[PDB]
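J.: First, the structure itself, so that you have it in front of you.
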DNA sequence: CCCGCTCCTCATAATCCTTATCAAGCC
DNA sequence: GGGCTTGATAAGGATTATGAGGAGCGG
Ligand SMILES: [Ca+2]
Ligand SMILES: [Ca+2]
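Numbering (the entry's author numbering), first residue to last: 7 to 298.
This is how it looks when you write it as structure tokens:
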């Protein structure tokens, strides 16, 4: 039935709130303004996409040409049910600001303000701060907009474990890596890892995970991204594994968590020190994540 | 015609996810 | 003593996140 806090947590990772302003001769002012909300996932998560549709009970799930599909919402009534939800189950990443702007533009469209010259100017000023902002065409066409400020989003606190389970279902990773350790009996070793990746803008949120889960550490990526990594076994077995079983994943990634947990059990018996348990771990690794 | 809403498909690239190698150390 | 663990430390590449717009509908 999909938990609402799981929804906000998943949309916080995957999903986009957009305000499209494209030149269209069909409109009196020669400009088409439309609000849209789209989650774009790999086809393997087609089932999850349809579950999200059932959650909102609006929009449709479209099967793209590639190994990907989208849950899309592009109607007034539809967006109204989406805003009804996020006004009660808000996002907590920087995407929240993109949502509040998407909400401002939506209200103006409900007033037909996109059909007037002044209203269209307000909508262009808003789009100028949503996601990637204006392009080189809108800058040329709409010079002199009253530049509005991108809404500020207070520092985030994780307040519901189901939110984190959706945020993890969207941007988490369960790694079972076997590397070569010359100082070991078998010459190899097993490195388990839990990973939550995000951009520098939400570094506060990522460090929040350290206190919420009570473990892990923050890692900075030179390219401009921050990771939350739990890399010690004792915490993975006692904290992470129990957490994502009590607050389980719903997408395709849950399968990887299942195989991930199976490796945890073989490592709790010290089986990973033998060749039989190590071989079984490799058989498990070879069938999870990028090997399905 | 002109005007307005929205289904449905196609497009792009980087923020993600994923897979790595390593040695100081604990236990 | 010395296996075995674990944060530090890279980097790959595709699933994403963001997006454009034709054409079918009614007035
Ligand atoms: Ca994201
Ligand atoms: Ca994902």
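For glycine and all other residues, C-beta sits at the position ideal for the given N, C-alpha and C.
For residue 64, collect the residues of the same chain with a Cβ closer than 8 Å to its Cβ; drop the 5 residues on either side in sequence, then sort them by chain order.
T.: Reading the first chain from its first residue, position 58 is the one you call residue 64. Excluding residues within five positions, the ones whose Cβ falls inside 8 Å are 79, 81, 83, 84, 87 and 88.
J.: Have a look at the DSSP bridge pairing and note the partners of residue 75.
T.: Along the first chain, one-based indexing puts residue 75 at 69. BP columns for residue 75 point to 47 and 69.
J.: Just to confirm before moving on: does the CB-CB distance between residue 256 and residue 54 stay below 8 Å?
T.: Here residue 256 refers to the residue found at position 250 when the first chain is read from its first residue. Here residue 54 refers to the residue found at position 48 when the first chain is read from its first residue. Yes, Cβ-Cβ distance for residue 256 and residue 54 is below 8 Å.
J.: What do you get for residue 242, buried or exposed, if any count of 16 or more other CB atoms within 10 angstroms of its CB means buried?
T.: Numbered from its first residue, the first chain carries residue 242 at position 236. Residue 242 comes out buried.
J.: Please report the straight-line C-alpha distance between residue 103 and residue 272, rounded to a whole angstrom.
T.: For the purposes of this step, residue 103 is identified with residue 97 of the first chain, where counting begins at 1. For the purposes of this step, residue 272 is identified with residue 266 of the first chain, where counting begins at 1. For residue 103 and residue 272, the distance between alpha carbons rounds to 44 Å.
J.: Between the Cα of residue 114 and the Cα atoms of 131, 101, 100 and 99, which residue gives the shortest distance?
T.: The residue given as residue 114 occupies position 108 in the first chain. Minimum Cα distance to residue 114 is reached at 131.
J.: Have a look at residue 122 and residue 12 and give me their C-alpha separation to the nearest angstrom.
T.: Indexing the first chain from 1 puts residue 122 at position 116. Indexing the first chain from 1 puts residue 12 at position 6. One C-alpha to the other measures close to 39 Å.
J.: Could you check if residue 75 belongs to the surroundings of ligand 2, using beta carbon to heavy atom distance under 7 Å?
T.: As a position in the first chain, residue 75 is number 69, starting the count at 1. Result no, Cβ not under 7 Å from ligand 2.
J.: Please identify the residue among 106, 70, 183 and 250 whose C-alpha is closest to the C-alpha of residue 158.
T.: For this step, residue 158 is matched to residue 152 along the first chain. Closest by alpha carbon: 106.
J.: Tell me whether residue 171 is buried or exposed, calling it buried when 16 or more other Cβ atoms sit within 10 Å of its Cβ.
T.: For the purposes of this step, residue 171 is taken as residue 165 along the first chain, with counting starting at 1. Classification of residue 171: buried, given that the 10 Å Cβ count is 16 or more.
J.: DSSP beta-bridge partners for residue 223?
T.: Mapped onto the first chain, residue 223 falls at position 217. Residue 223 pairs with 235.
J.: What's the C-alpha gap between residue 149 and residue 248?
T.: For the purposes of this step, residue 149 is taken as residue 143 along the first chain, with counting starting at 1. For the purposes of this step, residue 248 is taken as residue 242 along the first chain, with counting starting at 1. If I take the Cα positions, the gap works out to 55 Å.
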